[PDB]
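First, one chain by itself: the form deposited in one PDB entry, in structure tokens.
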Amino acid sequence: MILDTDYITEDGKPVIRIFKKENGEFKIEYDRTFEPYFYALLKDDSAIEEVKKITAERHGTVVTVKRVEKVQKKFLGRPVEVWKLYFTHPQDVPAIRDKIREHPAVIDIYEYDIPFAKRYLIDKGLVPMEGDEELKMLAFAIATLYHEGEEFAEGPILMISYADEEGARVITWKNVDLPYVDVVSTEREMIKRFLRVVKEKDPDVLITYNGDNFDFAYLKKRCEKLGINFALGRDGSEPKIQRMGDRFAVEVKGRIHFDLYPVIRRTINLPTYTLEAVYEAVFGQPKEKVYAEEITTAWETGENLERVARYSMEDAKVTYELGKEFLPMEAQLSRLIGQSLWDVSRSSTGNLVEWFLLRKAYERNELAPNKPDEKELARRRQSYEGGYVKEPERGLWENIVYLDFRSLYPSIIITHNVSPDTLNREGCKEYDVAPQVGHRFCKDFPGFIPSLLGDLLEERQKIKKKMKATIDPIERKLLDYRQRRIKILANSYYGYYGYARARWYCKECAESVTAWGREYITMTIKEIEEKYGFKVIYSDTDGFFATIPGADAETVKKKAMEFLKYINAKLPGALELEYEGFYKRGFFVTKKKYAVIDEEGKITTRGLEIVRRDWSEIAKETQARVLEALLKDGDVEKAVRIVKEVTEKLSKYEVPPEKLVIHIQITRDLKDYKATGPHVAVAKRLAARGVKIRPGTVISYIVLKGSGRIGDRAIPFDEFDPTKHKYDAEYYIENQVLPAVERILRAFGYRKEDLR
């Protein structure tokens, strides 16, 4: 099993290192033969003698062009001829590529920005994370001494905790009477002891929660003060810290540093992303939080260090438990994309698709398009029409069926061969013509993207068949993860087409896809209304809710089945309308906001305040309780009673403040805000006392009595003291509870004042 690749430099030449885990044993394969290269396209071949002579400087060392070779590849499915330019060292290409491009005889250059080690995985057909290998895993966490107004890592680490399959332990340098605490005398001995534990356990994976941006940097700065060689790497090296523009990321060579924080943030939508919140969300059991002020107080008073140790022990143990949950999923993604678990677990959607496409393009001798420069990026910010959204017939409905397309956008890409290499390609026998926008797509041969999509959707079906017949539960679960990653990959091509930073950007493909989608969905609505008597209540992009007014449940279901038989004999290719479910009642609030209840009693809510992080729990919990009264019992008087009780509970100050918190994410540097909302105003108070407010930070505030602007009265919930602070019951009634229930109960005759 391949884990990662990198390269070192020996006597001026690059040496690829392949980190493997084969049959329980860690190994390093070296490859000294791979040469870095990019491609150039010339106005004329004789200019190759001119370009061969171009040189550059790499702080001191003079960079030349090692060797050139003419090659023939396809660019967008068309044959082209370029010059492959080899170099002795990978760091030669950034120092020289701009000089070769700026030549008047060089038209452009291609594949000039592929990192050497990832280039190696692609060119050599290697795939990380394949085969029967258990990785040994170890999670860890630190606890520090914090005082407000000090630099980063001015204060010592107090505890390093770790957990794996054999338990959890805490290393600390005061006496704590707990069986899982090991005591040493100094912070230096504690860090050294933790070095030894990692070197002794020799894990394949190190799991942190936000180690990319706190734990490793803290350890780095302490190890510098204390004079410690921080040698975590299997090759004896120190953690390698790398800037990914805004934040940081940390490699441990020979190991996989699995940081849960970017993984969880990309995988699940939660109101906050504290370790305690993530654990309760994934596992359903509470984790108590101990705050920095308590940790410092306990350390300097020496009182209640047991509580700090237990908190530290639990940090590692839930971090390990979350590692076990999410690592296999990310391993399959790494195996699917063809890049390291380290890389993919920190990659956006667009980067993931692109690395997939670069490997597939290599295997088909397709020269890759370039990322856009500034001129081209500007040109690319024209938008296009999206999915169809019917304005709903607002209110309460009985006996609803939801009908929709099985994978509308990938079905359109497959069926109509929507690809930039088929777009308006002249001289074919057969084309499909996108409605409204007019783009022609050749059908004589499968496009690059359509072919990959077809392969993907077919592999997913073989896996599902293989899961149902396989007898090995670990194989079945890995298979499950792989077909899930494939579904997500396949559903990413559409958005990638319209992504201006994409190498394979194609506004025409993307707007063709949505145009075909609007055609298919609206023709279907028209047919079910005019030929089958249905009333279509609401519809968004690829599906719609419908009923027969005044028909019983079993009529609606059967007439829907018949319509499906009718419409699917008219839908071309892979387009298929499916019976997704029957809902006994549904309430449609606005476009993109509704709730339905199925015959079993389960309620599904979309877009409503219930699903949002920036609404208080008391609002959400109250709206949810209203929706049960209506959907489940059809009981409007109960719904009104529920809201009357809640506004009174707030008015007499008996709602717990924990249900009053509002969560809003900071989305940028704070000086780039043109207008200061309440959450920006709280984040400015906090940042003015040394707390870091990078983008992605979730402000958790509560609104206090007094008045003026909401921002003048907002404080972090951590700062809320129920003996010097009174929350604004009028704000939570007039601006939170009633605004979420009013748009629903307006359908029965109630106004906000009948609800107080």
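In this text, residue numbers run from 1 along the sequence as written. If you superpose the two forms and keep the largest set of C-alpha atoms that fall within 1.5 Å, you have the rigid core.
From this point on, the text means the form deposited in another entry, which you will not see here.
State which of the options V626, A139, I449, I171 undergoes a Cα shift of 2 Å or more between the shown form and the other one, taking the core as fixed. Just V626.
For a quick test of reading the superposition: does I18 move by 2 Å or more at the CA between the shown form and the other one, rigid core aligned? Stays below the 2 Å threshold, so no.
C-alpha of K221 off by 2 Å or more between the shown form and the other one on rigid core: False for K221: its C-alpha shift is below 2 Å.
Residue shift check between the shown form and the other one, rigid core fit, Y583 Cα at least 2 Å: Yes, its C-alpha moves 2 Å or more.
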